[PDB]
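Chains as they are written, first to last, in the entry's author numbering: chain C, 0 to 376, 414 to 438, 461 to 1052; chain D, 4 to 20; chain B, 78 to 200; chain A, 9 to 186, 190 to 216.
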Amino acid sequence: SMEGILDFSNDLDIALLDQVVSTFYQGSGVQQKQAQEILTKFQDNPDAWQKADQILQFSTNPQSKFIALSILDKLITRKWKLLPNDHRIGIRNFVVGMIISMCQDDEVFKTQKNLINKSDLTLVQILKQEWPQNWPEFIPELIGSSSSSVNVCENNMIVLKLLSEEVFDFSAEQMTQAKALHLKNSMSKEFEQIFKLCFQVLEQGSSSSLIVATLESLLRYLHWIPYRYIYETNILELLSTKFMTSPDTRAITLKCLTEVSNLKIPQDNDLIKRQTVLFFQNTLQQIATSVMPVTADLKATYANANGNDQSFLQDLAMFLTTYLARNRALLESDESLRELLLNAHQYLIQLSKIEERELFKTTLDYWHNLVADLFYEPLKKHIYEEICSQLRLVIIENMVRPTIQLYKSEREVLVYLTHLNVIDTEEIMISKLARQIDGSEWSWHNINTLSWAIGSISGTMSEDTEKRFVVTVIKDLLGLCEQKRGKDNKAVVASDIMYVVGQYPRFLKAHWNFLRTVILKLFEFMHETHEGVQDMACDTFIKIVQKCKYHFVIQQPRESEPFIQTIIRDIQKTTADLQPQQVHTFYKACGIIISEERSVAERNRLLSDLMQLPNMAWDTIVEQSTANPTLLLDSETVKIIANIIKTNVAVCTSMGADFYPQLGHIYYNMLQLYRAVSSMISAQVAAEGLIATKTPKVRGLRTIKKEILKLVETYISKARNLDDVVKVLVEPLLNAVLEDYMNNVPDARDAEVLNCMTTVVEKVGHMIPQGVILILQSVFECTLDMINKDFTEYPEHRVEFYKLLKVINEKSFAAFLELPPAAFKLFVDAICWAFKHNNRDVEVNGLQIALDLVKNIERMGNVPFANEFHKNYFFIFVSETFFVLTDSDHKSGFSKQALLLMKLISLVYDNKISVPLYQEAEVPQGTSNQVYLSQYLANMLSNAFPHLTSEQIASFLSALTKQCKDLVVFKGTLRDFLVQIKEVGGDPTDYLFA
Amino acid sequence: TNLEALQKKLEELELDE
Amino acid sequence: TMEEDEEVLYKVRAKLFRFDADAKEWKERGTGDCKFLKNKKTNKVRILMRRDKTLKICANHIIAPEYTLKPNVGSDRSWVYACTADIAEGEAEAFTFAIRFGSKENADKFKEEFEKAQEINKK
Amino acid sequence: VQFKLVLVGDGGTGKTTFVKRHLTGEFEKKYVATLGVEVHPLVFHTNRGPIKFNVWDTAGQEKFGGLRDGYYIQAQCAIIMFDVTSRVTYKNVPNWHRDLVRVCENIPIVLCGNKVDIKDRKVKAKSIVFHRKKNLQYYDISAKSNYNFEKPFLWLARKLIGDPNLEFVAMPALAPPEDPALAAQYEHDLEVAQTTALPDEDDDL
Ligand SMILES: Nc1nc2c(ncn2[C@@H]2O[C@H](COP(=O)(O)OP(=O)(O)NP(=O)(O)O)[C@@H](O)[C@H]2O)c(=O)[nH]1
Ligand SMILES: [Mg+2]
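Here it is as structure tokens:
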């Protein structure tokens, strides 16, 4: 029954509308839900705007009037120019009159702010259409009318604020370059009278609401107005004194002064420098006397969260960091400004103690700026010695686990601070360590934080000073661990001990007996059942190895053999209690060390010995499972095989090219294993259906295949002997994977096959032209059919497919020249299919392939294939690119859409296409490609955007073709087009902007 | 002795009781 | 929490699923600690599972001796069983539940704890 | 004690997925765009009693915007969502914020960067600063991995109740209760359930 308002044959029941509206805002359940769909359809009715004036006049529901203004807004925004002229002046007079009526009635001006703000915004949308060319007295009459009442003067500040935002802050995408410039120039011409009205209100009081609304509009002006209005008036004195005292105006005034700390000023004038000093001095004075003194505990204040204290402290941090990052040099030389400089930094110190992640990052960014300058700029660090001493403690106590980005910022600041005063940093850290020992500050979180801070300054002290520091730290940490009771406490401290020693490789490298003791200790921890310890021991082991590998490969003094031989020898007992992932990390670490041995025979011997246990287990299964293939369904057998291949992956990851001897030991049997597993998966799908691909048994089998491919990928991506890859590796690999991929049902095809082929083509693609052809033959058409029905199925295959086509188009373009014409047509379809994806991985690759394909065709010259390519697919690529550019569903690819389009258009206007792009009956003979290109595009846009005039399409195409060598201007013309198609009656002269 | 005692003290690092 | 008069026999990390029959689809219901709560006055065992962080209840039903744990075709670390009265979101409703664990060992250990509770609930 | 929460952001940023995860605990893998708005009651249990959010999950796509800023009237708090794998969704954050605060001039707002579970992150943490001058709370969240998924509501609850020490507490767990005419019915539903594989079998849980 509520669907009574959607019938516009009758007259609108205003009382019924007010009930439907309140049912949607105050109701619930199904009543609210279908009242929602009714209000949407009422609003989306193209004629509803005609019924907006009786709603705004007769309705008793402010929400109904809000919705009526929304319907008006859509009309003013999209169809204003299509209206008869008398309607435009009627709407304009109606809105002006209603706003005046709402400001006179004090109970509606006070209790209906949403409606007035929405009305002010609707008025601003009209000014964007009519002002100033058909409304040149708006600003003089706004100022005159402001002197009448206080409610109008305050409301005029709201209109001006919203006007400033629409013209300067949000115009860049919402309107054309020409229309934006027109509006900016109009406000700029008449701002002299706007600033006079604003300044008079701020100086004469007295209504707080009128003052705040005036300050809010001043905030917006500061984004663009010339500097003279700020420094050559008294307004800086008003902001930094009067308006800082009252809490009603404090928040907005602080934001205005923050923007002032960013204005474009002359760095030559000595008074502008004095005025920049003066308002900062006044602001800090008002804060110390009216808000809180410099000794106040801002951390507690922020945590109590009274009133707007949190937002004020956030705005104070923004103000101080912004001003001091730009102007602190103004305060560093004059001795009378020293206390002002240090109190301000002391407020930041107090602000930096607040428990608020995002606020801390804001202050940390400033500290980084400061301590970097004190590190490089002469005669500066001595000013801030007490500030920097406090900062050291703040950062040490707030050290985070090594957010990724936040730790790097803290480390860099702390490292700068250590350079500035090593001695002060040492005593603070040892003091904090002493307070961990006596128990006054003992905590798992506190001991970990301190250890991270100690480990972060590695490499900033002299090696000799570092030596005594490390020894003192490790000794005190060992005493801490010795004194605590329980494995929980001892594991935390032992973990911190290993973290610290892991962070000081210069110390470990100079003391082999200590380094050996560390490693032997980590091997003991690899048998610890307590959670986390085994993971920590393994992570520390590979971390230390990465930095001290040379000391494991050589024979240390008074040692009988390089320690790497001692590690490999006991590898079974060392790793016996580790989980498989931890064993793989161990083997990877050993591989790092072996690669340091540059004697080939000695490196291959260490590789053979390291791989001995997995090679023995491999030879067992290869003999056992090949005779006969039933064990490959045994759970335990599949797990052993996968863990053997993963061990090879881990070692190949750290050894790269040096891994080739071990790969040759298993390569042929591994590929045979790949075939056998592939048979069993296909057999299991046949016997049980597609659901078999989800069973544990098959997923274990696919893991084997994936790990095999990952191992091959890992070596080939890092190989140095590319010849051996081509003659030994590539051919048996293609025979093993391509046909199995092609002849499997879609649900059984491993997308990792495509990724592996991408790696092969990446490194040796220029050497295997026939191999690249066989890769396309086996995967191209069958994969395309999996992914060309929708945008959702087979997401992995989708991404790998276009990565593979991308590298083939780059490294072996001749493979596409060998495709039959029907297959090459599917190639073009698949490229355009990638345009239409919202998936960024597919979309970006698809546009890059199109751009690279055009360049591949261009470099062929005037030959039958290039000529035919243009006659067949040039306009396809032009029209498909225009489609994704203008459909509003692929905005993330605008930049690469523009460049591709610019490349296509520039080809025609550079006469790089020999053949005529038309058939010689379409158009009279002798017609240039440029003339036909404009005629094709004009017809295409006329049918795709019928609401455009012919003059708009012509002006747009004229500008676009002329600008196909200037990407920045070209893109501005596309953005202008994207604005004009959202509306009716766009000015065709807008395309003459450049 | 200072770095020798450190090495011995770490050698005795044990997690149990 | 209304867990005062109960003792914890078993606790395990788990993810709880419910079957949407009208959609041919499994749907997650919660992730957190699944506990075997044994009342000390009525001598009955129940399932209590709360979501991490929000602590909201995603499973609340007695380990009936008639329920049977059955494996899922795609998992060796899960059990599927029907539940006729669960009050995690109000009054008792019927659900086909699946519960998955971190490893096959925990799933096996859960099974041997689930029927041990079934032995207790029939006495 | 009820509060209206408007949730705004570009289409596909995961607004609806985030709400459903809090409503039912499920993770909806499919993108079905919201048409206008969907209102859902959401209740949390705190040490200060239960708090109820009336969540207005608005639509992100322009073609489905509906009443647009009409949904924001009388909102008491809000969440602005973007996708850290899509730079355009963070570029549009100021547009959503402008439209929002023009209606609601003084409400607590959380800015949320969703889908941090995805490896190839495109909007880097160092680039997310818009919340600073606007006094918004920011959180990295993931509806998929549940990373920080409770933080936006906890922070809003603390601001709305005005207690910074408010916490989520466990619901009181009542005692659960205790025919062969439906035995063949549940057996049929269990047969199809065992033959439908559980999603995300490679996850940790
Ligand atoms: N990897 C990942 N995907 C997510 C996550 N959250 C949501 N998604 C996915 O993002 C897609 C969009 O889903 P949806 O929740 O409807 O986004 P929306 O913002 O509500 N769309 P609209 O604004 O148009 O109504 C879904 O496919 C969903 O699976 C996440 O945390 N991680
Ligand atoms: Mg949605």
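Note that the Cβ used here is the ideal one computed from N, Cα and C, for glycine as well.
Test item: CB-CB of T939(C) and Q955(C) under 7 Å: Here residue 939(C) refers to the residue found at position 881 when the first sequence is read from its first residue. Here residue 955(C) refers to the residue found at position 897 when the first sequence is read from its first residue. The answer is yes: Cβ separation under 7 Å.
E20(D), DSSP secondary structure in three states: Position 17 of the second sequence, counted from the first residue, corresponds to residue 20(D). Of the three classes helix, strand and coil, the one that applies to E20(D) here is coil, per DSSP.
Host alpha helix (DSSP H) of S736(C) (start-end): Walking along the first sequence from the start, residue 736(C) turns up at place 678. Note, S736(C): alpha helix (DSSP H), 718-746.
Cα-Cα separation between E331(C) and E258(C), rounded to whole angstroms: One-based indexing of the first sequence puts residue 331(C) at position 332. One-based indexing of the first sequence puts residue 258(C) at position 259. Going by the C-alpha atoms only, they are around 22 Å apart.
Chain B within 7 Å of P754(C), Cβ atoms only: By one-based count along the first sequence, residue 754(C) stands at place 696. Output row for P754(C): interface = yes.
Chain-ordered chain A contacts of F65(C) [CB-CB under 7 Å]: Walking along the first sequence from the start, residue 65(C) turns up at place 66. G78, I81, listed in chain order.
Minimum length 4: unbroken alpha helix (DSSP H) runs contained in the stretch 265-331 of chain C: 269-289, 297-303, 308-326, 328-331
Same chain only: Cβ atoms within 6 Å of residue 458(C), ignoring 5 sequence neighbours per side: Residue numbering in chain C breaks between 438 and 461, and residue 458(C) falls inside that break, so it has no position here.
Test: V531(C) CB closer than 7 Å to a CB of chain D: Sequence index remark: in the first sequence, residue 531(C) carries index 473 (1-based). Taking Cβ atoms only, chain D never reaches closer than 7 Å to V531(C), which makes this a no.
Chain B contact for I749(C) (CB, 7 Å cutoff): Here the question's residue 749(C) lines up with position 691 in the first sequence. With 7 Å as the cut-off, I749(C) counts as an interface residue toward chain B.
For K117(C) and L81(C), the rounded distance between their alpha carbons: Walking along the first sequence from the start, residue 81(C) turns up at place 82. Walking along the first sequence from the start, residue 117(C) turns up at place 118. Roughly 23 Å between the two C-alpha positions.
Spatial distance of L748(C) from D211(A) (CA atoms): Your numbering for residue 748(C) matches position 690 in the first sequence. Your numbering for residue 211(A) matches position 200 in the fourth sequence. The straight-line gap from Cα to Cα measures roughly 17 Å.
Contacts around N662(C), its chain only, beta-carbon distance under 6 Å, and the 5 residues preceding and following it disregarded: Sequence index remark: in the first sequence, residue 662(C) carries index 604 (1-based). For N662(C), where only same-chain residues beyond five positions count, the Cβ hits under 6 Å are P719.
Candidates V473(C), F882(C), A371(C), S1008(C): closest to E926(C) by CA position: Within the first sequence, numbered from 1, the residue matching residue 926(C) stands at position 868. With distances taken between Cα atoms, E926(C) lies closest to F882(C).
Proximity below 7 Å, CB of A83(A) to CB of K12(A): Within the fourth sequence, numbered from 1, the residue matching residue 83(A) stands at position 75. Within the fourth sequence, numbered from 1, the residue matching residue 12(A) stands at position 4. It is a contact, given that the beta carbons lie within the stated cut-off.
Short-range partners of chain A found in the stretch 88-122 of chain C, where Cβ spacing is below 7 Å: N113, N116, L120
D848(C) CB to nearest heavy atom of ligand 1 below 6 Å: Reading the first sequence from its first residue, position 790 is the one you call residue 848(C). Every heavy atom of ligand 1 is 6 Å or more from the Cβ of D848(C), so no.
Given 8 Å, three or more beta-carbon pairs between the stretch 172-186 of chain A and the stretch 155-164 of chain B: yes
Near-chain C residues of the stretch 34-46 of chain A - C-beta to any C-beta below 7 Å: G44, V45
Residues near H588(C) in its chain [Cβ-Cβ closer than 7 Å; skip 5 each side]: Taking the first residue of the first sequence as 1, we reach residue 588(C) at position 530. Only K545, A549 meet the Cβ criterion.
Proximal chain A residues relative to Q35(C), where beta-carbon distance stays under 7 Å: The sequence position of residue 35(C) within the first sequence is 36, counting from 1. Per Cβ cutoff of 7 Å: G44, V45.
Contact with chain D by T598(C), beta-carbon distance below 7 Å: Within the first sequence, residue 598(C) is the residue found at index 540, counting from 1. Not one chain D Cβ lies under 7 Å of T598(C).
Cα-Cα separation between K861(C) and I505(C), rounded to whole angstroms: Residue 861(C) sits at position 803 when you count from the first residue of the first sequence. Residue 505(C) sits at position 447 when you count from the first residue of the first sequence. Each residue's alpha carbon lies about 47 Å from the other.
CB contact check: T39(C) to chain A, cutoff 7 Å: Looking up residue 39(C) in the first sequence gives position 40. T39(C) counts as touching chain A.
Residue from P790(C), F923(C), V473(C), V576(C) with nearest C-alpha to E17(D): Reading the second sequence from its first residue, position 14 is the one you call residue 17(D). Considering only alpha carbons, the answer is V576(C).
Chain-order list of residues whose beta-carbon lies under 7 Å from that of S63(C) (same chain, five-residue window excluded): Against the first sequence, residue 63(C) aligns to sequence position 64. Closer than 7 Å at Cβ, skipping near neighbours: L16, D17, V20, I54.
Beta carbon shell of ligand 2 at less than 5 Å from a heavy atom: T24(A), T42(A)
Straight-line Cα distance separating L174(A) from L162(A): By 1-based counting over the fourth sequence, the position of residue 162(A) is 154. By 1-based counting over the fourth sequence, the position of residue 174(A) is 166. Rounded to the nearest angstrom, the two C-alpha atoms are 8 Å apart.
CA-to-CA distance, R166(A) to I1011(C), given in whole angstroms: As a first step, residue 1011(C) is located in the first sequence; it is residue number 953 there, counting from the start. As a first step, residue 166(A) is located in the fourth sequence; it is residue number 158 there, counting from the start. Approximately 55 Å, taken between the alpha carbons.
Beta-carbon proximity check, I431(C) vs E468(C), cutoff 7 Å: Taking the first residue of the first sequence as position 1, residue 431(C) is located at position 395. Taking the first residue of the first sequence as position 1, residue 468(C) is located at position 410. For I431(C) and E468(C), yes; Cβs fall inside 7 Å.
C814(C), DSSP secondary structure in three states: The sequence position of residue 814(C) within the first sequence is 756, counting from 1. In this structure, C814(C) counts as helix in the three-state DSSP scheme.
Pick from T753(C), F717(C), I702(C), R807(C) that is closest to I766(C), judged by C-alpha positions: Counted from its first residue, the first sequence places residue 766(C) at position 708. When only C-alpha atoms are compared, the closest one is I702(C).
Proximal chain D residues relative to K545(C), where beta-carbon distance stays under 7 Å: Position 487 of the first sequence, counting from 1, holds the residue named residue 545(C). Near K545(C) (Cβ distances below 7 Å), the residues of chain D are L18, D19.
Closer than 7 Å to chain A by CB, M126(B): As a first step, residue 126(B) must be located in the third sequence, where it is residue number 49. So no, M126(B) is outside the interface.
Beta-carbon gap between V981(C) and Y967(C) smaller than 7 Å: By 1-based counting over the first sequence, the position of residue 981(C) is 923. By 1-based counting over the first sequence, the position of residue 967(C) is 909. Contact flag unset, no.
Chain A within 7 Å of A304(C), Cβ atoms only: The sequence position of residue 304(C) within the first sequence is 305, counting from 1. Chain A contact via Cβ: present.
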